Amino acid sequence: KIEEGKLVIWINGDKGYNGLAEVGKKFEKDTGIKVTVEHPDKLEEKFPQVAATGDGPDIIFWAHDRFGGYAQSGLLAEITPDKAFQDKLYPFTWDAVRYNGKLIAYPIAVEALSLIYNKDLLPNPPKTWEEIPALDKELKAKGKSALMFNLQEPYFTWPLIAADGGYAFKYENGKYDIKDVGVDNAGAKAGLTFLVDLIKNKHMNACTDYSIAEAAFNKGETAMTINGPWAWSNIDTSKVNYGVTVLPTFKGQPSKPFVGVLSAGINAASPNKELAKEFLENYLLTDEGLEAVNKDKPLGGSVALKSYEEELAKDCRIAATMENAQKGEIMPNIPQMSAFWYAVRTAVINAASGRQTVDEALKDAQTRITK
């Protein structure tokens, strides 16, 4: 806990917390209410843990997909924007934070993975996954790799997994069927096999994680990596001429990255929910508030506020980003998403390392998720 009259906010490390802080200062300079910004590891896991006991931030930040389970655990306060306000933000982003019809978070920006490449190494990047092995053989013959991305977080290989068919939960009767899962279908099985084949054929290291991959690329070592706008910041700091473009197709099918929407939720244990309502609505969610943050680290192609969106809807990167988002699908926000992720994370890791075959991996995942 804390005490009404104050206000803490939590948000992930790859996000521009400093800019978020810069938004807090303006708030603390207008009403005295101090604004602290924290960013602890394994946030998606930590929040519910500490928020279970009744502790944590007044405002939590994270991709909408986790808000469903959080609201199922009575950890979130519903929010009540006026029909007019709802016009200030796109409806589909409101949908993203809508659980059981109710609204339990504020959408900020749409996120989606994109293909990022070294232009001095690839003036013309591969339009297909299938041409990466060769592409890596030419590059290897020069002490360089063709691609590297976080193989330890399922969110990153998922684009390839869904491309030819894989999916999380099927939507039906205006609702996600928690029993119909496409984690073990032909499509999913082929995407992952291509991943595992890349590794076994030594064009990728099953070991590669986030820190590792961000380095290989920023340091000119790898020709391509897969990531979201938030990562653009560090790549800007290095001397690397990069392009942000559409993900490579798999079997001619576009890659379908799972789309997220950065969201701000107000803890259920809210002694000052009304302070959060005015903060997020009249500060962070204004052209000035969003700008304050974006300059720190890119929020992504599209932001919830229509007014601010019109201003940056024209930028190769944003472009690439909004293109990968359409070829993809918005993540569900139901409680079972956590089970889904845990399962896919293990299946991918297991498959990549070889502890299980692709078939054993995905089947087991399919079993554990619908279990």
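In this text, residue numbers run from 1 along the sequence as written.
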query	finding
Mean temperature factor over C-alpha atoms, higher-scoring stretch between 98-106 and 81-89	81-89
126-134 versus 253-261 - which carries the larger mean C-alpha B factor in the record	126-134
Maximum C-alpha temperature factor, selected from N227, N294, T193, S238	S238
Which of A320, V344, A313, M337 ranks first by CA B-factor in the deposited coordinates	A313
B-factor third for the C-alpha atom of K306 within its chain	middle
CA B-factor placement of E153, once the chain's modelled residues are sorted into thirds	lowest
Entry-reported Cα temperature factor of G220, expressed as the chain third it lands in	middle
Within-chain third of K119 by Cα B-factor, per the entry	middle
Chain third (lowest, middle, highest) by recorded CA B-factor, residue given as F279	highest
